[PDB]
Structure formats: C-alpha cells, structure tokens
Amino acid sequence: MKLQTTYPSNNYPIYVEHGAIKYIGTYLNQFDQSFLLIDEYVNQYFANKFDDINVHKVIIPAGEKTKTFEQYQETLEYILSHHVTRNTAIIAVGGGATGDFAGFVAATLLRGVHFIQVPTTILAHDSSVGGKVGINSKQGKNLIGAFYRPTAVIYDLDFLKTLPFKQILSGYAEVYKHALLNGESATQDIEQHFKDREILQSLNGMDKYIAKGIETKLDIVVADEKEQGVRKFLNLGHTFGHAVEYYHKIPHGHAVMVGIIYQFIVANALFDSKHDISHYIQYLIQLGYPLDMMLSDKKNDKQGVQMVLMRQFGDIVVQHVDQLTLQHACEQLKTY
Ligand SMILES: NC(=O)c1ccc[n+]([C@@H]2O[C@H](COP(=O)([O-])OP(=O)(O)OC[C@H]3O[C@@H](n4cnc5c(N)ncnc54)[C@H](O)[C@@H]3O)[C@@H](O)[C@H]2O)c1
Ligand SMILES: O=C(O)[C@]1(O)C[C@H](CP(=O)(O)O)[C@@H](O)[C@H](O)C1
Ligand SMILES: [Zn+2]
C-alpha cells in the first residue's frame, strides 16, 4: 500500500505499510550527507533497527519538549558545523512533534534542504502529511513554522506495536476525526469496529482505518494546501482542543476529542443540530478516554473565534461564535 500527492508538481510519496522502514535506504545514499533527528525516547525504542544504516544521528528531546526556539537554534548550528550542502536530508524519526520540528529545520536550513518523514506514532498519520512543519511559542501551539512538502513519507506500521494506551488514545482521535470528515459511512463504521478499550488497545484493524484517515486528508491537503478553504476543516475540535491541551498538557488527542464534543455542543446551540452528545460521551468512555478534566488561533479572523463546526455529516462549516455560545457549551459539557 502506497499513497502519493496529486499537486501539479513537487509531489511526494507516502509509503504506508508494515516494515516500510526498508524503503529508507533507497534514498539515503543519494545525498551528500543525512542527519537523523530522533525522539530521545523513540531513539531508545529503536536505536538498533537503524544501525542497519553519510549519516549522522541527532537525538532530540522527547515529544513536545523539542518544539521550542531554543531547541531550533541549537540543532541548526550543530547541523551547520558540518559544512553541509543544499543536497542534504533531514530525517524525522518519531511522533508529530519530531516531524513538525525536524521539518521546520529542514524547511529553513539553507532555505530548504531535503526532508524525509519516518512517522512512528498513530497520530503521525496526520502529522506526517501536508508538510505543516513548525514549533511552539509562549503564545500557543505552533505559531512559528511553515509549509514544506516532505521529500517522502515512510510510515512503517510496525513502529506502532509499542505505543502505550496513553499515546494510542491520543493518536486515534485523529483517525476518528478523519472518519468524521467522511460522513457517516466511515464514522459509524469505525465506531462499530473500535467499540471498546479492549478492541482499541489491541490495535486490531488499525491498518485499515489509518490508511483511510490519511487518504481522506491527502485529498483535502492536495486541494487546499495553504489552508485557505477546506484544509480549515482538519482543525475540527482543535479550536477548543489546542486550548485545553496547552492548558492541561494532556495528550493532543485527548484535548481534540474533548474539543470535538465541544464543537457538537456548539453546533446544537447554533443550528439546533440533532447531535446526541450523550452518544459521543459513552463512546469515549467505552473507548477508555480519561474524562475528569482560544483567542489567538489560526482560522481566526479579527472579529472573534472561528470554529470548524459540523451541522451534519457532509456539511462542515467555519464561522464566528460569541463567547456567549462558547459558554453554555463549555458549561453543558460541565454537566459530565
Ligand atoms: N499537520 C501537522 O503538522 C500536525 C498534524 C497533527 C498534529 N501535529 C503535531 O503532532 C504532535 C502530536 O503527535 P505525537 O503524539 O506523535 O507526539 P510525540 O512526538 O510527543 O509522541 C508521543 C510520545 O510517544 C513517544 N513515542 C513516539 N513514537 C513512539 C512509538 N512508536 N512507541 C512508543 N512511544 C513512542 C514519544 O517519545 C512521546 O513521548 C503535536 O506536537 C502536534 O502539534 C501536527
Ligand atoms: O491542516 C492540517 O493538517 C491540520 O489542520 C493542522 C493542525 C495544526 P495547526 O492548526 O497548528 O495548523 C493539526 O493539529 C490538525 O490535526 C490538522
Ligand atoms: Zn491535531
């Protein structure tokens, strides 16, 4: 299984399969040099699997810790003291935090070097695609960054077999977000597969759902690349997610999910949609999600918050929302 971009020119591949880590050599030795940027923890996890392969490993901080200015500068400089060249490659081995970061590096190093994505998490089935590199600020989630099409995406599904539930739940939220953006057909289909923590935690049939969630996006991104129209949809529930996250430091997905319900709550308070909140709540409980726990966003336009609201499957929209509505929802949600 392989997917590829559809843009007019400068298109990259997305090898999605078990053992795709093999596809990596086929490029590597066609570069002057190559820097391996890898998660501190992830490096532990698979340090050996890479020995099997003009290559300098660069171990970076674990997760979100790596996405800071401080860390961007330090790295670059290091990578610079190697009299590098435009034909050099940056290889992101890890979660979206590793890619988002490394990529930014690869996007700026000498105005643009080669970028290779070796996503290792479930959530990375979204982060590895689109080329939305960038880092964090003291003002929020990724305010500094860029769009930089990766040279290619190597998604070796074997990486996943070692993900704590905490990270499985995190990532799935995206696989699920994508299902949601495919109308009912995919939503209630996926719901009927991963209907409980047991089945989920087992990773059984995740191959199927990830592959689609990606393709789903693959179409949106290949279309509205610079997020001018539809790419704005992918920000489903992040309006509230991105917030609750950077403000509760829970795993990305956890906040997304939450925000994803919030969105619905607000859909009802606006278009009086027939959203069965209680249904989505039991879904998160049955799935095993925790369940005990905004003015600066990217879709925002000077006037107030802009949310990606679903009025019904196959009918997503974006628009302002008075803090008024944002209350009853973030209060109706408090009744849980
Ligand atoms: N389009 C985009 O650029 C985009 C899309 C989605 C989300 N994101 C970004 O993605 C990040 C969230 O993704 P994430 O969950 O992958 O982040 P992450 O890098 O923090 O990974 C989660 C944790 O799991 C560890 N880990 C990674 N691979 C593992 C594996 N295979 N087995 C076990 N442990 C592993 C990491 O060390 C980390 O502690 C955020 O920084 C978010 O802003 C960006
Ligand atoms: O266009 C995308 O790929 C996203 O909207 C990009 C966002 C990141 P942003 O809102 O910081 O651009 C990501 O969290 C979301 O899951 C998908
Ligand atoms: Zn996200």
# chains A, B, ... in the order shown; residues from 1 in each chain; ligands from 1
call {"tool": "select_by_dssp", "arguments": {"residues": "range 140-272 of chain A", "states": "strand (DSSP E)", "output": "list in words"}}
result
residues 140, 141, 142, 143, 144, 145, 146, 147, 152, 153, 154, 155 and 156 of chain A
call {"tool": "residues_around", "arguments": {"residues": "range 150-154 of chain A", "least_positions_apart": "2", "cutoff": "10 Å", "atoms": "only C-alpha atoms", "output": "ChimeraX atom specification"}}
result
/A:2-5,10-17,19-24,27,89-93,99,103,106-107,113-120,125,128-133,147-148,156-157
call {"tool": "closest_atom_pairs", "arguments": {"of": "chain A", "to": "ligand 1", "cutoff": "8 Å", "atoms": "only C-alpha atoms and all ligand atoms", "output": "tab-separated table"}}
result
residue	atom	partner	partner_atom_place_in_ligand_line	distance
A:39	CA	ligand 1	37 (O)	5.3
A:40	CA	ligand 1	37 (O)	6.3
A:41	CA	ligand 1	37 (O)	4.5
A:42	CA	ligand 1	37 (O)	5.0
A:45	CA	ligand 1	32 (N)	6.9
A:62	CA	ligand 1	37 (O)	4.6
A:63	CA	ligand 1	20 (O)	3.0
A:64	CA	ligand 1	20 (O)	5.1
A:65	CA	ligand 1	20 (O)	7.8
A:67	CA	ligand 1	41 (O)	7.4
A:94	CA	ligand 1	28 (N)	4.8
A:95	CA	ligand 1	16 (O)	3.0
A:96	CA	ligand 1	10 (O)	3.4
A:97	CA	ligand 1	41 (O)	3.8
A:98	CA	ligand 1	19 (O)	5.3
A:99	CA	ligand 1	3 (O)	7.6
A:100	CA	ligand 1	3 (O)	5.3
A:119	CA	ligand 1	28 (N)	7.7
A:120	CA	ligand 1	31 (N)	4.4
A:121	CA	ligand 1	28 (N)	4.7
A:122	CA	ligand 1	16 (O)	6.8
A:123	CA	ligand 1	16 (O)	5.1
A:124	CA	ligand 1	16 (O)	5.1
A:126	CA	ligand 1	5 (C)	4.9
A:127	CA	ligand 1	5 (C)	3.4
A:128	CA	ligand 1	2 (C)	6.7
A:129	CA	ligand 1	1 (N)	6.2
A:130	CA	ligand 1	1 (N)	5.8
A:131	CA	ligand 1	3 (O)	6.3
A:132	CA	ligand 1	3 (O)	4.0
A:133	CA	ligand 1	3 (O)	5.2
A:134	CA	ligand 1	3 (O)	7.2
A:141	CA	ligand 1	43 (O)	6.4
A:142	CA	ligand 1	43 (O)	6.6
A:159	CA	ligand 1	31 (N)	4.4
A:160	CA	ligand 1	31 (N)	4.7
A:161	CA	ligand 1	31 (N)	7.0
A:162	CA	ligand 1	32 (N)	4.4
A:163	CA	ligand 1	33 (C)	4.1
A:164	CA	ligand 1	33 (C)	6.4
A:167	CA	ligand 1	22 (C)	5.9
A:170	CA	ligand 1	15 (O)	6.3
A:171	CA	ligand 1	15 (O)	6.0
A:174	CA	ligand 1	6 (C)	7.7
A:251	CA	ligand 1	15 (O)	6.9
A:252	CA	ligand 1	12 (C)	5.7
A:253	CA	ligand 1	15 (O)	7.6
call {"tool": "write_last_selection", "arguments": {"atoms": "C-alpha atoms", "output": "CSV table (one decimal), in the first residue's frame"}}
result
chain,number,residue,atom,x,y,z
A,39,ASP,CA,13.0,11.4,19.7
A,40,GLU,CA,15.0,10.8,22.9
A,41,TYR,CA,12.6,8.0,24.0
A,42,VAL,CA,12.0,6.8,20.5
A,45,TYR,CA,13.0,2.1,21.5
A,62,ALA,CA,11.1,13.7,23.8
A,63,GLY,CA,7.8,14.9,22.4
A,64,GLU,CA,6.5,18.5,22.6
A,65,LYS,CA,9.7,19.4,24.6
A,67,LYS,CA,9.4,22.2,19.7
A,94,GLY,CA,9.2,9.9,15.7
A,95,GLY,CA,5.8,11.5,16.6
A,96,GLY,CA,4.4,14.6,15.0
A,97,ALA,CA,6.4,16.7,17.5
A,98,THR,CA,9.6,15.3,16.0
A,99,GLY,CA,8.5,15.7,12.4
A,100,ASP,CA,6.9,19.2,12.9
A,119,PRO,CA,6.5,8.7,11.4
A,120,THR,CA,6.4,6.4,14.4
A,121,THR,CA,3.1,7.2,16.1
A,122,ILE,CA,-0.6,6.7,15.2
A,123,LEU,CA,-1.3,10.4,15.5
A,124,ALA,CA,1.6,10.8,13.0
A,126,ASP,CA,-1.8,13.1,10.1
A,127,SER,CA,1.3,15.0,11.2
A,128,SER,CA,3.5,13.3,8.5
A,129,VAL,CA,1.2,14.5,5.7
A,130,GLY,CA,0.6,18.1,4.4
A,131,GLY,CA,4.1,19.4,5.2
A,132,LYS,CA,2.9,21.7,8.1
A,133,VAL,CA,6.2,22.0,10.0
A,134,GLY,CA,6.7,24.4,12.8
A,141,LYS,CA,0.6,25.8,19.8
A,142,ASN,CA,2.9,26.2,16.7
A,159,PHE,CA,6.5,1.2,14.9
A,160,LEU,CA,3.0,1.2,16.5
A,161,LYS,CA,3.2,-2.1,18.3
A,162,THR,CA,4.9,-0.4,21.3
A,163,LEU,CA,2.6,2.6,21.9
A,164,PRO,CA,1.3,2.9,25.5
A,167,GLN,CA,-0.5,7.5,23.0
A,170,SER,CA,-4.0,10.3,21.7
A,171,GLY,CA,-3.5,9.4,18.0
A,174,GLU,CA,-7.2,11.9,14.5
A,251,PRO,CA,-2.0,14.3,25.1
A,252,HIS,CA,-3.1,16.1,21.9
A,253,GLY,CA,-5.8,13.6,21.0
call {"tool": "atom_distance", "arguments": {"atom1": "CA of residue 109 in chain A", "atom2": "CA of residue 35 in chain A"}}
result
11.8 Å
call {"tool": "residues_around", "arguments": {"residues": "range 189-198 of chain A", "least_positions_apart": "4", "cutoff": "7 Å", "atoms": "only C-alpha atoms", "output": "PyMOL selection string"}}
result
chain A and resi 185+202+286-288
call {"tool": "write_last_selection", "arguments": {"atoms": "C-alpha atoms", "output": "PDB file, in the first residue's frame"}}
result
ATOM      1  CA  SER A 185     -20.325   5.793   6.250  1.00  0.00           C
ATOM      2  CA  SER A 202      -5.463  -4.332  20.621  1.00  0.00           C
ATOM      3  CA  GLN A 286     -16.327   2.763  26.159  1.00  0.00           C
ATOM      4  CA  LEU A 287     -13.042   3.617  24.443  1.00  0.00           C
ATOM      5  CA  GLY A 288     -11.231   4.348  27.698  1.00  0.00           C
TER       6      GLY A 288
END
call {"tool": "atom_distance", "arguments": {"atom1": "CA of residue 262 in chain A", "atom2": "CA of residue 66 in chain A"}}
result
29.1 Å
call {"tool": "closest_residue", "arguments": {"among": "A:47, A:214, A:308, A:223", "to": "residue 59 in chain A", "atoms": "only C-alpha atoms"}}
result
A:47
call {"tool": "residues_around", "arguments": {"residues": "range 290-303 of chain A", "least_positions_apart": "4", "cutoff": "7 Å", "atoms": "only C-alpha atoms", "output": "VMD selection string"}}
result
chain A and resid 232 239 to 240 243
call {"tool": "residues_around", "arguments": {"residues": "range 328-334 of chain A", "least_positions_apart": "2", "cutoff": "6 Å", "atoms": "only C-alpha atoms", "output": "number ranges by chain"}}
result
A: 265-266, 325-326, 336
call {"tool": "write_last_selection", "arguments": {"atoms": "N, CA and C atoms", "output": "compact mmCIF listing (two decimals), in the first residue's frame"}}
result
# COMPACT_ATOMS: atom_id res chain seq x y z
N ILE A 265 -21.63 20.33 20.79
CA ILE A 265 -22.42 21.08 21.76
C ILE A 265 -22.78 22.45 21.20
N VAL A 266 -21.80 23.06 20.54
CA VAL A 266 -21.96 24.38 19.94
C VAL A 266 -22.76 24.34 18.65
N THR A 325 -22.18 31.74 23.25
CA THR A 325 -22.40 30.35 22.88
C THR A 325 -21.30 29.51 23.50
N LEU A 326 -20.05 29.95 23.33
CA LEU A 326 -18.89 29.24 23.87
C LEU A 326 -19.00 28.95 25.36
N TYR A 336 -20.98 16.80 33.00
CA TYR A 336 -20.49 15.45 32.78
C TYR A 336 -19.40 15.07 33.78
call {"tool": "atom_distance", "arguments": {"atom1": "CA of residue 33 in chain A", "atom2": "CA of residue 53 in chain A"}}
result
12.6 Å
call {"tool": "select_by_dssp", "arguments": {"residues": "range 79-311 of chain A", "states": "helix (DSSP H, G or I)", "output": "PyMOL selection string"}}
result
chain A and resi 79-80+96-111+124-127+159-162+165-180+183-191+197-201+206-223+230-235+238-246+252-271+277-287
call {"tool": "closest_residue", "arguments": {"among": "A:136, A:327, A:319, A:54", "to": "ligand 2", "atoms": "only C-alpha atoms and all ligand atoms"}}
result
A:136
call {"tool": "closest_residue", "arguments": {"among": "A:315, A:276, A:245, A:219", "to": "ligand 3", "atoms": "only C-alpha atoms and all ligand atoms"}}
result
A:245
call {"tool": "closest_residue", "arguments": {"among": "A:309, A:199, A:175, A:186", "to": "ligand 2", "atoms": "only C-alpha atoms and all ligand atoms"}}
result
A:175
